Amino acid sequence: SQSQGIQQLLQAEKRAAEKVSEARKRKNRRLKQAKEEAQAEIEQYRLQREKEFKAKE
Amino acid sequence: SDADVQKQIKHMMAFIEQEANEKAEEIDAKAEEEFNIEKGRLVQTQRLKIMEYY
Amino acid sequence: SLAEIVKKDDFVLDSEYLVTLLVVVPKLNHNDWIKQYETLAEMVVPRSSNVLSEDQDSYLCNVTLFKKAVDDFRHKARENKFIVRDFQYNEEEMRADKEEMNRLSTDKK
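Protein chains in written order, with our numbering: chain W, 182 to 238; chain L, -18 to 35; chain U, 136 to 244.
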């Protein structure tokens, strides 16, 4: 039956879709990570500027 | 004929999986670019506003 | 019209690396085409041919294959006098033909 060849086509495409989808999930996770790491660094900058401002005060 | 066609495609179909893995590695390269772009845009915009406040 | 014969189960579509082609062959030449069509390009699986129907002159089959094969396949099909008709399950068009067939035959009466 044609299912012999058709399942080999579909197997390669399903494997392909899984690899691409896993990378797309990582891309979304990295975008969220950028917000989280930016939020940490701006607060660390504020805390340093605060310590300097208190010393000048 | 048929057995040689099956052996030939069983070899060649691996290049489709390889190019899909390269497409996944390009999506991960876009992940690394967009991480640095988003972090840069956020940090520099707010760092300047924080500096102007103090 | 393909609306007489086409159904989704005969097709491989909706995919990044996969395609369906459709080709017509004369009924005497079909006995050669059954093997010769798999030679027209690389990246074609064995038994990729699903027949849709025969008629008094010819057969039409779907061919299932990877995206790299298709332009070599279609050009070598034309070279070997095989006739391309890539109706890739156009559900909107088969429904439109069915609607106008029922409508026009009723409205004329």
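Note that CB positions come from ideal geometry on N, CA and C, so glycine has one too.
Query: Contact under 8 Å by Cβ, L:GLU(-2) with W:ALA204; Result: no
Query: Assigned secondary structure, U:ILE218 (DSSP; H/G/I helix, E/B strand, else coil); Result: strand
Query: Bounding residues of the alpha helix (DSSP H) (the contiguous stretch that carries L:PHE(-4)); Result: -5 to 34
Query: Exposure label - W:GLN188; buried when at least 16 CB within 10 Å; Result: exposed
Query: Where L:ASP9 meets chain U, residues with beta-carbon distance less than 9 Å; Result: Simply none; closest approach about 17 Å.
Query: Option nearest U:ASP190 by Cα separation, candidates U:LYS244, U:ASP242, U:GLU139; Result: U:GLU139
Query: C-alpha distance - L:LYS20 paired with W:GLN225, whole-angstrom precision; Result: 14 Å
Query: Cβ-based burial, U:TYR152 [other Cβ within 10 Å; buried from 16]; Result: buried
Query: Span of the alpha helix (DSSP H) around W:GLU238; Result: Run containing W:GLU238: none; DSSP gives neither H nor E here.
Query: Nearest neighbour of U:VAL159, chosen from U:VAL179, U:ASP207, U:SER184, U:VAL180 [CA to CA]; Result: U:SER184
Query: Three-pair Cβ contact test at 8 Å for the region 173 to 183 of chain U versus the region 226 to 238 of chain W; Result: no
Query: Within 8 Å, strictly: CB atoms of U:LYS143 and U:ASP192; Result: no
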